[PDB]
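Worksheet: one structure, shown below.
Since every read-out is calculated from the coordinates, none of them should be taken as a lab result. Positions of Cβ are generated from backbone atoms using ideal geometry, with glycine treated the same way; all protein chains shown enter the neighbour counts.
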Amino acid sequence: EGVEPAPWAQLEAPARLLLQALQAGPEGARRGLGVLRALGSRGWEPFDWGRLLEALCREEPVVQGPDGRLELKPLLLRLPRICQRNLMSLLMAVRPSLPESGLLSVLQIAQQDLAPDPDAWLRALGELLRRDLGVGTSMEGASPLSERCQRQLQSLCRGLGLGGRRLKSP
Amino acid sequence: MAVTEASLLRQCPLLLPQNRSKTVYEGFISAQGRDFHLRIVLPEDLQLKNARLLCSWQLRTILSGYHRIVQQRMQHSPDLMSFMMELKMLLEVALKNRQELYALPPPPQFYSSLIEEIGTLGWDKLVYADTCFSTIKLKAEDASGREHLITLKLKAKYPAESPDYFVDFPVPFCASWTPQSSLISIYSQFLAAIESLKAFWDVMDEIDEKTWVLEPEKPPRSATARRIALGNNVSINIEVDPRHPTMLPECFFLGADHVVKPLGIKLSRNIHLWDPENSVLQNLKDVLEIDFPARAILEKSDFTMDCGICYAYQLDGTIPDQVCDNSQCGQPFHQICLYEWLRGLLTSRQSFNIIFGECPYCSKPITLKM
Amino acid sequence: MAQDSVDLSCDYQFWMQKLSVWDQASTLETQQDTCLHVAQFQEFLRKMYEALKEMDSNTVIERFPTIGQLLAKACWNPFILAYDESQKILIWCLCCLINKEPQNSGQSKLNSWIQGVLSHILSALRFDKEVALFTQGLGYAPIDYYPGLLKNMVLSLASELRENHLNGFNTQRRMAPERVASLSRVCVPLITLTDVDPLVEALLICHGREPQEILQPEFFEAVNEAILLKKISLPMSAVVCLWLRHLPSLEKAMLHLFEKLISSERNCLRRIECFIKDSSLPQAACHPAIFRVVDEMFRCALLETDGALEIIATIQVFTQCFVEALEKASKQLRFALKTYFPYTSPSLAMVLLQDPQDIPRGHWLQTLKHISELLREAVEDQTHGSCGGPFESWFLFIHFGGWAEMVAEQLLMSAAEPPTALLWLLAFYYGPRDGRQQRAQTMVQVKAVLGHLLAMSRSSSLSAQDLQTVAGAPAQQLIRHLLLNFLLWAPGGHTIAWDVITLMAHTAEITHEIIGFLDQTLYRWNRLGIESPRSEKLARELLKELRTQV
Ligand SMILES: [Zn+2]
Ligand SMILES: [Zn+2]
C-alpha cells in the first residue's frame, strides 16, 4: 500500500551503488570516492557521468504540499537530502572530468530560482560549482552565504582597524 | 480565456462534444506532435469524482507507471479543462523519458547527409554506430601512436542543433558547433585537444611503463592519480595537473608510520630541487634519493581487503570476514556494515538470526548470520 | 533609577496575553511559539524576581492583580517548566508571594493555592494510571523511579529512530514524521538535561530517507547554541551532521569564532587555538562543503577590512588545526587539495603544506626563495591554466603561516646583499594588486632601509630617532613590521625598544597592530621551538605593558 521504491531503482547498477553509498551520512562523499576507485578496478573502468547527469534532471511526478497538488520534480530534488549534499561535494571533487552541458542543467536545479522553502546547502554548493567552472561570476551579490550572515559579518569587521593592504581595486 | 468555453477550444481543439449537454467528449489529444484517442464520459452533472475515461492501448502503454496518479487526479481535480492540461503535461513527461521507443527522423536531410559527411571524413575512422543511428563513435591517432575515441550522440535534427560529444580525456572538451560545422569540424577540434594534451599522456605512459602502479588497474585516460608502489608495504599517490604535468604534483605517502616519516622529511627538504624540464620519475628518483621496483609481484599485486562499505580495516575490533559466495566479486565486508546495508534493501528478508540479500558490488545472493 | 515600572508593566501584559494563548501547549503551534519566546520569558522572570524580592507580599498591589494567573499558566505549560532555570525562578517568585502571618482569609487561600501549584510542579502523578498503581503497590515513590523511567523512554525512542533509519526503503512500519518532529520540539527546552542527550544524538544521526527536513530550525539553533556554550557535550559525528543539515548553524558557528578574535580575545592566539581545537570545525572542515563555506567567510572578512592582521593570524591557526586533523583522519580515500583550495595551482599548496619544523632552520631560505618564484610565475605570467588572479594566490599564501611571517627575519640574517626574491615576496605579502612599477620602488626602498639598519646594527647601541628617520605613505605597515623584527633580532634591542614603540603607537590601532605582531611572533617561536630567550622576555614584557595602553 504505502511501500515506496527507491528513486534510484531504474538506474544503471554502478550509479545505484554510488547513490546508495552517498546516503550514509557525512562519510558519504569519501565512500563515493571509494566506490569510484572500485569501478576503475572492475571491467567497466569508465563511469558514465553523462548518463547519471541526465537521470539527475529527469522528472517524475509527486503530490506534496496540500493533500492534492501535482508537481514534477527532477531526481536531484527527489532523492534523500544527504545523498544530495554528498553528491554535490563529490562533483566538486571530480569537476574536471565532467560534461559542462549536463552540469549546467544540474546547477539550474540547484539554484532553485522561484521556489519557497529552498535548500540553502544545495544553492550554496551550486554557487561554489559555478565559481569553479568560471561561468558564474554572475555580476551579482550571489555568494554561498546568506544576506543575514554577510551583514552580521560586516557588522563585526566594522569594529576592527582596516589593514594597509589594497585588495579591492577602485 | 478564464471560462471553460473558449480556453477549452484553444487548449484541446480535437476534443469534440458528441452530446448537446457537454458531458461526452471524444476525439484526440495532442502531445509532442502525436494525437492519442480518448473518450471521457461525465455523469449527468459536472463532477469528476466519478467519470469514465477510456483510451487507445497506445495511450495506456504510454501511461504505464502513472495510472495511480491519473486515477487520483480524476478524484482531486475540480474541472475537466485542468485535468486535460495535467494529462498533456504528464504525456510530455512520459514521452521525453521514454524517448528511445518513440521517434522518427526526417530521412531526406538525415540518413543521406550523415553518410555523405562520414565519406567526407573517411571510412577508416568510424568504428561503431547504433541500430537507431543515434550513437556513433570515431577514432583518432596521436603522433606518439595512441588510439583515442570520441562518442557522439545525435538527435532527430543532427545539423540543426549540437550533437552531444563524450570524450575520455580529463580537461573539459569545448567544441564550437555551428549549424554549418560538421563531423570533420568537431574531429579537427578533437585532434587539436589531442596534440595539446600530448605531454600529460607521455608522463602517465612513462609511469605505467616503469613503475608498479597499484590501484588503478588498466587505467582510463581521464585519470590523473597513480598510486605508485615502492619498497614494500608503502606506496605514494601522485595527482598530476594536465596543463602543467611536469610541474610538481600533490603527492603523499601510505604505509607504515615508522617508514613513512623519513620520506615526508626528505620530500620537504628536497622539494625545491624539482625541475619541470626533466621527467616526473627522473625528478622523483633524485628528490626521494631512491629507485623503484618494476613489479616485485606482478600476480599478487594487491587485492583490496577492506570493508567495501566503509573502506576501512579495523572497525571497532571487527575484521573483514563476511565475503561473497562468488568467484568474480570475493569482496569482504564487516558484519555491521553489511547488516546496515542489507536491512535497507527491499529484496532482503530476515529469518530468526539470518538475513539473505544481494551483495552490494555484484548483486548475487549473500547470507549474513548475526 | 528612572522608570522602575513602565517597561515591565508593558512586558507583563504582553506575556500574560501570550500565556493565555499557549495554555498547556497540547498542539504544534503553541509548542513552536513557546520554544521561540521562552528565553525572553526567563529574563522577564529574573526582573520580576528582583522586583518582588526587594519588596514584600500582601501589602503591595503593583502587579498582584494577575501575578497568580501568570505563574499558574507558566507552571501548567511544561515547555516553560523544562527550560534552563525557569522552574527554579517561578519557584522563587511563588516563595516571594508567600506570607508568614496571614491576617485576612484571602492571604490564607493564596498560601494554600501556592502549596497546590508547588505540589503540581514537584509531586503530581500526571501520567498513566496503572504504572502509578503498580509502583504504589510495590512501595516505590515517583522520585525513585522517574529517572529510570525517563532513561528507558529515551532509550526506546532512540532505538526506534535508529531502526527507522536502518529500514530505508523496506516493507516495514515507518516511524511517522509527525512523531520525529514532536520529539525534536521536546528536545529544545530540555537540551541541557543530561538524561536526554541520547535522543538528541539520535535525532541528528538518523537523518533518514526524506527529501525535505522533518526537524525545524529551532531545534538546530538550540543545539548549536548549546554546543558552542559547552552545555551539552555531544560527539563529533553529531555536530558534523548538524552543520551538514543546517547551513545557518555553520555560519552561526563561524561568527561565534569572530567575536572571540574581534571582541574578547584579540591577540591571545593560545586562547584562539584552544577554542578552535575544542570546537569541531577542523574535524568538520575535512568535508569540503564545510571548508568551502569557512574559507568564503574568511574571504568576506579579508575584503571588508583591507587585510587585517587579526583575521590573518586566526586563519593561520585554523589552517594548522585543519591540516593536523586531515592528516590524522584521511588515511585511505582522501580528497585532493584542489578540492579544498580550488582556486590555485596545486604545486604551490604542496610546497606550502610542508611544515618548517621538518626542515633545518638554515634551509628555510631556499624554500622561501622557491615559493617566491612560484608566486611570481603565478601572478606576473597570468596565462591560461593557472590561478584566477593575484588575490587568489595571496589568499592561499596567507593560509600557511610560518612561511609568510619568516620572510623579514631571514632578510635581517642576509641584510648584507638582500635576496631580490625575498624582497618580492615581502612586497607581495604587504601588498598585492600593485603592479611591477610599484613593486620595484617598494623593493628598492626596503633595500635602502636594510642597508641603513645593517649599518646601525654593526654600529654600537644607538638612539631611536635615527630609526624614526627611516620610519618617516603606501609602504608604512611593511616598514613598521620590518623595524619590529629588527628590534627583536638585533642584540642592540632590549634597550631602546620603548623609545620607538611609544613614537610609533600614535593611535590605538597601531597599538593593536603591534600587539598582534608580538603575539603572532611568540606563538610562531614557541611552535617552531626556535627561541633566543632575550627576544622572548623582551617581547613578553612589551606585550604585557602595551596591553594596558591598548
Ligand atoms: Zn566496515
Ligand atoms: Zn559480491
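For residues in the stretch B:316-331 being in a loop (DSSP other than H, G, I, E, B) and within 9 Å of ligand 1 (Cβ to nearest atom), which is nearest to A:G25 (Cα to Cα)? If you could, list the steps in order and put the result at the bottom.
The initial filter retains those residues of the stretch B:316-331 that are in a loop (DSSP other than H, G, I, E, B), namely B:316-317, B:319-331.
Restricting the remaining residues to those that are within 9 Å of ligand 1 (Cβ to nearest atom) gives B:316, B:320.
On the way: B:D316: 18, B:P320: 21 Å.
My answer is B:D316.
Going by what's in this entry, would B:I319 be described as more than 14 Å from ligand 2 (Cβ to nearest atom), surrounded by 15 or more Cβ atoms within 10 Å (Cβ to Cβ), of a type outside the set (K, R) and more than 29 Å from the chain's Cα centre (by Cα)?
The answer is no for B:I319.
For the stretch C:434-446, indicate whether the set of residues that are assigned to a loop (DSSP other than H, G, I, E, B) and under 21 Å from C:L302 (Cα atoms) is non-empty.
Yes: one or more hits.
Of the residues that sit in the stretch B:322-339 and are away from ligand 2 (no atom under 15 Å from the Cβ) and within 12 Å of another protein chain (Cβ to nearest Cβ), which one is surrounded by the most Cβ atoms within 10 Å (Cβ to Cβ)?
Here the residue is B:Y339.
Of the residues that sit in the stretch B:266-315 and are within 12 Å of ligand 1 (Cβ to nearest atom) and of a type outside the set (A, V, I, L, M), which one is nearest to C:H370 (Cα to Cα)?
Looking at residues that are within 12 Å of ligand 1 (Cβ to nearest atom) and of a type outside the set (A, V, I, L, M), I get B:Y311.
Among the residues of the stretch C:516-536, which ones are within 18 Å of C:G492 (Cβ to Cβ) and part of a loop (DSSP other than H, G, I, E, B)?
Within the stretch C:516-536, just C:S532 meets the criteria.
Would you check which residues across the stretch C:88-116 are farther than 17 Å from C:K53 by Cβ and buried (at least 18 other Cβ atoms within 10 Å of the Cβ) and list them?
Looking only at the stretch C:88-116, we keep the residues that are farther than 17 Å from C:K53 by Cβ, and these are C:101-113, C:115-116.
Scanning the stretch C:88-116 gives a single hit, C:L110.
Can you spot a residue in the stretch B:306-313 that is within 33 Å of the chain's Cα centre (by Cα), surrounded by 15 or more Cβ atoms within 10 Å (Cβ to Cβ), more than 14 Å from ligand 2 (Cβ to nearest atom) and over 30 Å from B:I207 (Cα atoms)?
No, that holds for no residue.
Please give the number of the condition A:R16 fails out of (1) more than 10 Å from chain B (Cβ to nearest Cβ); (2) closer than 14 Å to A:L79 by Cβ; (3) surrounded by fewer than 19 Cβ atoms within 10 Å (Cβ to Cβ).
(1)
Can you confirm whether the stretch B:109-132 contains a residue that is under 25 Å from the mean Cα position of the chain (by Cα) and within 14 Å of another protein chain (Cβ to nearest Cβ)?
The answer is no, given that none of the residues of the stretch B:109-132 is under 25 Å from the mean Cα position of the chain (by Cα) and within 14 Å of another protein chain (Cβ to nearest Cβ).
Looking at A:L156, A:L160 in this structure, which one is facing chain C (nearest Cβ under 7 Å), part of a loop (DSSP other than H, G, I, E, B) and hydrophobic (A, V, I, L, M, F, W, C)?
One residue alone meets the criteria, A:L160.
Just one of B:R60, B:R52 is touching a strand residue (DSSP E or B) at 6+ places or on another chain (Cβ under 7 Å) and among the charged types (D, E, K, R); which is it? Lay out the reasoning, then the answer.
On the way: B:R60 fails: touching a strand residue (DSSP E or B) at 6+ places or on another chain (Cβ under 7 Å).
Selected residue: B:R52, the only one of B:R60, B:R52 that is touching a strand residue (DSSP E or B) at 6+ places or on another chain (Cβ under 7 Å) and among the charged types (D, E, K, R).
Restricting to the stretch C:342-374, what's the tally of residues that are crowded, with 20+ Cβ neighbours inside 10 Å and over 21 Å from B:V287 (Cβ atoms)?
So the answer is 2.
State whether the residues of the stretch B:285-299 include one that is surrounded by 12 or more Cβ atoms within 10 Å (Cβ to Cβ) and within 16 Å of ligand 2 (Cβ to nearest atom).
Looking for residues that are surrounded by 12 or more Cβ atoms within 10 Å (Cβ to Cβ) and within 16 Å of ligand 2 (Cβ to nearest atom), one finds none in the stretch B:285-299, hence no.
Mind telling me which of the residues B:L248, B:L267 ends up being of a type in the set (A, V, I, L, M), part of a loop (DSSP other than H, G, I, E, B) and touching a helix residue (DSSP H, G or I) at 6+ places or on another chain (Cβ under 7 Å)?
B:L248 is the lone residue from the list that is of a type in the set (A, V, I, L, M), part of a loop (DSSP other than H, G, I, E, B) and touching a helix residue (DSSP H, G or I) at 6+ places or on another chain (Cβ under 7 Å).
On the given criteria, is A:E140 within 21 Å of C:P342 (Cβ to Cβ) and facing chain C (nearest Cβ under 10 Å)?
Answer is no for this residue.
Filter the stretch B:127-153 down to residues that are under 26 Å from A:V135 (Cα atoms) and surrounded by 16 or more Cβ atoms within 10 Å (Cβ to Cβ), then give me how many there are.
Qualifying residue count for the region: 3.
Select, from A:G126, A:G102, A:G136, A:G141, the only residue that is among the small types (G, A, S) and surrounded by fewer than 16 Cβ atoms within 10 Å (Cβ to Cβ).
A:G141
I need the full set of residues from the stretch C:45-87 which are surrounded by fewer than 20 Cβ atoms within 10 Å (Cβ to Cβ) and over 26 Å from C:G106 (Cβ atoms), in order please.
C:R46, C:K47, C:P78, C:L81, C:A82, C:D84, C:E85, C:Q87
Filtering the stretch B:340-369 down to residues that are buried (at least 18 other Cβ atoms within 10 Å of the Cβ) and outside any loop (DSSP other than H, G, I, E, B), which residue is nearest to ligand 2 (Cβ to nearest atom)?
Applying the filter and picking the extreme gives B:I366.
Restricting attention to helices (runs of 4 or more DSSP H) lying wholly within the stretch C:321-407, give those where 1 or more residues are facing chain B (nearest Cβ under 10 Å) and closer than 29 Å to B:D257 by Cβ.
Where helices (runs of 4 or more DSSP H) fall fully within the stretch C:321-407 and carry at least 1 residues being facing chain B (nearest Cβ under 10 Å) and closer than 29 Å to B:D257 by Cβ, they are C:337-340, C:346-352, C:364-380.
Return the residues of the stretch C:261-289 that are within 11 Å of another protein chain (Cβ to nearest Cβ), assigned to a helix (DSSP H, G or I) and buried (at least 17 other Cβ atoms within 10 Å of the Cβ); say none if nothing qualifies.
Within the stretch C:261-289, C:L261, C:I262, C:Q283, C:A284, C:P288, C:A289 qualify.
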